[PDB]
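Only one structure is covered here, and it is reproduced in the block below.
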Amino acid sequence: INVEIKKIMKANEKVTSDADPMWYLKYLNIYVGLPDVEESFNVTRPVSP
Amino acid sequence: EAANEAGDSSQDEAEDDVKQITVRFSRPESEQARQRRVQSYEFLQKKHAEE
Amino acid sequence: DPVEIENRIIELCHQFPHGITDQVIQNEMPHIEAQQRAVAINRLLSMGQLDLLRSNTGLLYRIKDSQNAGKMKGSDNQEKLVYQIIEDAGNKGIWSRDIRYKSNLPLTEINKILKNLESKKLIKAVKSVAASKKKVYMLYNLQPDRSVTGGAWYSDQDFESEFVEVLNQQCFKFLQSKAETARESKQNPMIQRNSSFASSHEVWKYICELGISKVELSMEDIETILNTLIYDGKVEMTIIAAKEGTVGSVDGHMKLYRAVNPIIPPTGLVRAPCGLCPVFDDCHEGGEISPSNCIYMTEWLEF
Ligand code: SF4
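Listed in order, the protein sequences are those of chains B, M and P. Using the authors' numbering, the letters of the first sequence correspond one by one to residues 51 to 99. Using the authors' numbering, the letters of the second sequence correspond one by one to residues 153 to 203. Using the authors' numbering, the letters of the third sequence correspond one by one to residues 14 to 316.
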């Protein structure tokens, strides 16, 4: 989660379609953050295991 | 062998094998296919022979 | 200067739109060696401004079609890089999806090009009569092929069953009347059979005299109609030897058609309901479908 995921994203950083060139989607950086729960309505909350 | 094929008949009629204009579309090659062609052995050999 | 040689060859190709041989170039520019001319031709081919023709007289060099322009918005290169296989398809046409695959371009890319080309009268889009799926594209000057589109039977991508039925009826009536007259003549069996025979050209002329439909019917159209009548088991055709005459269609051969009676009346099998029963396989002595309770024989005996 600290090294390998960044390597995987770097391997697949840019995605584009053959139709309509000059259009692209480029990934810059990826984060996993701290554990949270989606129970709160569009709000996260720290959750113990 | 091509000569032998042509030699089936002693006299060959003048072939109306006019080269119909098969000018091919310069298809815009997908970048993957262009990379494959660049990495192809024939391309490297041609580049070597260019010198 | 090889650039001057290339420019002179370009001017010569402009002077002769049908292409120039090496002899014309040599006569026009005699002081230049053959090797320099070959190198100039190779360079001109390398940048793609020339195309090579192999005719019975040898090699011809023609300027690439760029003046003929229908889609000048954007690039002339892709305009010709669509018109090229449009011309290659030619009379048979080409579907839009096929064009997209052959040009290796997205649907929108070819869409704009096709609309623009039709705007400047470079390509005509016709409806595929054989398989009504997509609109084929042809050169505007080229006459559409009767197989890929049109035909004397097809009217707006619709087969005319009524037209072919009326054609069959009229041709069969004419043949039957001719055979009846030949039989009543009773002059001599050979002459009777020969007069009962009707030429394809003769029946085509009779049909044209009838003029049932507006579309012009060729001789082979009536020939196909008579072939269908033959497959109906009502008329018979023989190919006789005739070197030349008012028909002159097939080399040394003419097709004569005569109305002929069927070999036998309908067989005894079809005179029973079991011979025409569609559920004959499921018929069984004891079961839901049985001859004792069969509806077909009930109606048949009641009738
Ligand atoms: S008995 Fe009736 S169902 Fe059976 S084959 Fe004859 S007609 Fe058909």
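Virtual Cβ for every residue (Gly too), placed ideally from N, Cα, C.
Check: Which runs of the alpha helix (DSSP H) fall wholly inside the stretch 257-312 of chain P and span at least 4 residues, in chain order?
Finding: Segments of the alpha helix (DSSP H) lying fully in the stretch 257-312 of chain P: 286-289.
Next item on the list: For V292/P, verify whether its CB is less than 7 angstroms away from any heavy atom of ligand 1.
Entry: By 1-based counting over the third sequence, the position of residue 292/P is 279. Yes, Cβ of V292/P sits closer than 7 angstroms to a heavy atom of ligand 1.
### Query
First and last residue of the alpha helix (DSSP H) that includes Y96/P?
For the purposes of this step, residue 96/P is taken as residue 83 along the third sequence, with counting starting at 1. Counting along the chain, the unbroken alpha helix (DSSP H) around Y96/P starts and ends at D89 to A102.
Give the DSSP bridge partners of residue 213/M, in chain order.
Since the first residue of chain M shown is 153 and the last is 203, residue 213/M is not available in this structure.
Buried or exposed for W313/P, going by 16 or more other Cβ atoms inside 10 Å? Along the third sequence, one-based indexing puts residue 313/P at 300. It counts as exposed.
- Task: Within its chain, find whatever has a CB closer than 6 angstroms to the CB of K146/P; leave out the 5 residues flanking it on each side and keep chain order.
- Result: In the third sequence, the residue the question calls residue 146/P occupies position 133. For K146/P, where only same-chain residues beyond five positions count, there are no Cβ hits under 6 angstroms.
query: When the Cα atoms are used, what is the spatial distance from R206/P to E197/P?
result: In the third sequence, residue 206/P corresponds to position 193, counting from 1. In the third sequence, residue 197/P corresponds to position 184, counting from 1. Between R206/P and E197/P, the C-alpha separation is close to 12 angstroms.
Spatial neighbours of residue 6/P within its chain, please: C-beta separation below 6 angstroms, excluding the five flanking residues on both sides. With chain P covering 14 to 316 only, the question about residue 6/P has no answer from this structure.
* CB contact flag (residue 2/P, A138/P, <8 angstroms) -> Coverage of chain P is limited to positions 14 through 316, which leaves residue 2/P absent and any answer about it impossible.
Q.
Distance check for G300/P and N274/P, CA to CA, integer angstroms please.
A. Locating residue 274/P in the third sequence gives position 261, where the first residue counts as 1. Locating residue 300/P in the third sequence gives position 287, where the first residue counts as 1. So the two alpha carbons sit approximately 43 angstroms from each other.
ask   = Going straight from the alpha carbon of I302/P to that of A285/P, what length do you get?
value = For this step, residue 302/P is matched to residue 289 along the third sequence. For this step, residue 285/P is matched to residue 272 along the third sequence. For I302/P and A285/P, the distance between alpha carbons rounds to 17 angstroms.
Open item on the list: Once the 5 residues before and after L180/P are set aside, which same chain residues still bring their CB inside 6 angstroms of it?
Closed with: Here residue 180/P corresponds to residue number 167 of the third sequence, with the count starting at 1. Short of 6 angstroms from the beta carbon of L180/P, and not among the five residues preceding or following it, lie these beta carbons of its own chain, in chain order: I238.
query = Using CA coordinates, which residue listed in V87/B, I51/B and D68/B is at the minimum distance from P119/P?
reply = Residue numbering aside, residue 119/P sits at position 106 when the third sequence is read from its first letter. For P119/P, the closest C-alpha among the options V87/B, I51/B and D68/B is that of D68/B.
### Message
Less than 8 angstroms between the C-beta atoms of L25/P and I18/P, yes or no?
### Response
Looking up residue 25/P in the third sequence gives position 12. Looking up residue 18/P in the third sequence gives position 5. No, these two residues do not count as a Cβ contact at 8 angstroms.
| How about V82/B and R95/B: are their beta carbons less than 8 angstroms apart? | What you label residue 82/B is simply residue 32 of the first sequence in a count that begins at 1. What you label residue 95/B is simply residue 45 of the first sequence in a count that begins at 1. For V82/B and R95/B, no; Cβs fall outside 8 angstroms.
Quick check: does the Cβ of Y309/P come within less than 7 angstroms of any heavy atom belonging to ligand 1? The residue labelled residue 309/P in the question sits at position 296 within the third sequence. Answer for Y309/P: yes, Cβ within range of ligand 1.
Taking CB distances under 8 angstroms as the criterion, tell me whether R188/M reaches chain P.
If you number the second sequence from 1, residue 188/M lands on position 36. When Cβ-Cβ separations below 8 angstroms define contact, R188/M makes no contact with chain P.
| query | Secondary structure at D35/P, three-state DSSP: helix, strand or coil? | reply | As a working note, residue 35/P is residue 22 in the third sequence. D35/P carries a helical assignment under DSSP once its states are collapsed to helix, strand and coil.
| query | My guess is that residue 325/P and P180/M are in contact by the Cβ rule of under 8 angstroms, so how many angstroms apart are they, rounded? | reply | With chain P covering only 14 through 316, there is no way to say anything about residue 325/P.
*With DSSP as the reference, label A138/P as helix, strand or coil.*
On the third sequence, residue 138/P is found 125 positions in, with the first residue counted as 1. Looking at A138/P - three-state DSSP - the assignment turns out to be strand.
Chain P partners of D70/B, CB-CB under 9 angstroms?
The residue labelled residue 70/B in the question sits at position 20 within the first sequence. Per Cβ cutoff of 9 angstroms: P119 and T121.
Review point. Would the C-beta of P304/P count as close to ligand 1, meaning under 7 angstroms from any of its heavy atoms?
Key: The residue labelled residue 304/P in the question sits at position 291 within the third sequence. Yes, since a heavy atom of ligand 1 falls inside the 7 angstroms radius drawn around the Cβ of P304/P.
Of the residues that make up the stretch 60-71 of chain P, which ones have a beta carbon closer than 9 angstroms to any beta carbon in chain M?
-> Closer than 9 angstroms at the C-beta level to chain M, one finds these residues of the stretch 60-71 of chain P: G61, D64, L65, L66, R67, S68 and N69.
Exercise. Tell me whether the beta-carbon of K171/M lies closer than 8 angstroms to the beta-carbon of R67/P.
Key: Start at 1 with the first residue of the second sequence, and residue 171/M comes out as number 19. Start at 1 with the first residue of the third sequence, and residue 67/P comes out as number 54. In this structure, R67/P lies closer than 8 angstroms to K171/M by Cβ.
message: Given this structure, state the Cα-to-Cα distance separating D89/P from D169/M, to the nearest angstrom.
response: On the third sequence, residue 89/P is found 76 positions in, with the first residue counted as 1. On the second sequence, residue 169/M is found 17 positions in, with the first residue counted as 1. Taking the straight line joining both Cα atoms gives about 31 angstroms.
task = Please say whether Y74/P and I107/P have beta carbons closer to each other than 8 angstroms?
result = Residue mapping note: residue 107/P aligns to position 94 of the third sequence, counting from 1. Residue mapping note: residue 74/P aligns to position 61 of the third sequence, counting from 1. No, these two residues do not count as a Cβ contact at 8 angstroms.
Practice prompt. Identify which residue in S141/P, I136/P, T121/P and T311/P has its Cα closest to the Cα of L152/P.
Written response: Locating residue 152/P in the third sequence gives position 139, counting from the first residue. Closest in C-alpha terms to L152/P, from the list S141/P, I136/P, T121/P and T311/P, comes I136/P.
Check whether the stretch 256-275 of chain P touches the stretch 182-194 of chain P, taking contact to mean three or more Cβ pairs, one atom from each stretch, closer than 8 angstroms. At 8 angstroms Cβ cutoff, the stretches touch.
Inset, instruction - Just the chain M side, please: which residues come within less than 7 angstroms of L94/P by C-beta, in chain order? - result: In the third sequence, counting from the first residue as 1, residue 94/P sits at position 81. Residues of chain M with a Cβ closer than 7 angstroms to the Cβ of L94/P are, in chain order, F177 and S178.
Q.
Considering only their Cβ atoms, is the gap separating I23/P from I38/P smaller than 8 angstroms?
A. Taking the first residue of the third sequence as position 1, residue 38/P is located at position 25. Taking the first residue of the third sequence as position 1, residue 23/P is located at position 10. With respect to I23/P, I38/P sits apart: the two C-beta atoms are not nearer than 8 angstroms.
Fill in: Contact between the stretch 40-54 of chain P and the stretch 186-200 of chain M (3+ Cβ pairs under 8 angstroms)
They do not touch, by the three-pair rule.
Handout entry: CB of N104/P within 8 angstroms of CB of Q170/P, strictly
Key = Position 91 of the third sequence, counted from the first residue, corresponds to residue 104/P. Position 157 of the third sequence, counted from the first residue, corresponds to residue 170/P. In this structure, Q170/P does not lie closer than 8 angstroms to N104/P by Cβ.
Q. Leaving out the 5 sequence neighbours to the left and right, which residues in its chain are closer than 7 angstroms to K86/P when beta-carbon positions are compared?
A. For the purposes of this step, residue 86/P is identified with residue 73 of the third sequence, where counting begins at 1. Around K86/P: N129.
- Residues of its chain near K64/B, where Cβ-Cβ distance is below 7 angstroms and the 5 sequence neighbours each way are ignored: Numbered from its first residue, the first sequence carries residue 64/B at position 14. So the list reads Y74 and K76, once near-sequence residues are dropped.
Who pairs with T251/P in a beta bridge, going by DSSP?
-> Working through the third sequence from its first residue, we reach residue 251/P at position 238. Paired residue(s): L269/P.
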